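For the sequence shown, the authors' numbering gives the first residue as 82, with consecutive numbering after it. Here a beta-carbon is modelled for each residue, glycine too, at the ideal position from N, C-alpha and C.
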Amino acid sequence: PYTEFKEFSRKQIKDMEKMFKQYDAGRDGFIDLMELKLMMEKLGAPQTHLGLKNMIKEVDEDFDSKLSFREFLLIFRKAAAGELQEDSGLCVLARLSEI
Ligand SMILES: [Zn+2]
Ligand SMILES: [Zn+2]
Ligand SMILES: [Zn+2]
């Protein structure tokens, strides 16, 4: 992931790994819908059921309906590129994280 996401410092990615481990509650290397629900609540920005789904859908490049750490980094790639909507749960997740 350091090799691929060269637009991010090592400091940044590690902060994103920390966030990812923090909310991957089952500790199985993915963030599922339920996990993302709790995360957006913990961040103070709960999202609607369908909003959670599109969050995942937008960066779920392997269609497994879960988020891999690779797809978590896509959130931040997409956001830094200016590609997300602004009311969008993905943008909200990114701006509420502390990266
Ligand atoms: Zn998980
Ligand atoms: Zn549903
Ligand atoms: Zn996926």
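- When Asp141, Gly132, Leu124 are compared, the shortest CA-CA separation from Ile112 is found for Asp141.
- Those residues that bring their Cβ nearer than 6 angstroms to a heavy atom of ligand 1 are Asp105, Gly107, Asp109, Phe111, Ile112, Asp113, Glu116.
- Cβ atoms of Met115 and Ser178 stay farther apart than 8 angstroms, at about 19 angstroms.
- Per DSSP, reduced to three states, the secondary structure at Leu165 is coil, with no helix or strand assignment.
- Neighbourhood of ligand 3, defined by CB distance below 6 angstroms to any of its heavy atoms: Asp141, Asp143, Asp145, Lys147, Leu148, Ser149, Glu152, in chain order.
- About 11 angstroms separates the beta carbon of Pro82 from that of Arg158, a gap too long to meet the 8 angstroms contact definition.
- Rounded to the nearest angstrom, the gap between the Cα atoms of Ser149 and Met121 is 17 angstroms.
- Contact between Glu88 and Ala161 holds, since their C-beta atoms are separated by about 7 angstroms, short of 8 angstroms.
- The C-alpha of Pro127 lies about 21 angstroms from the C-alpha of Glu98.
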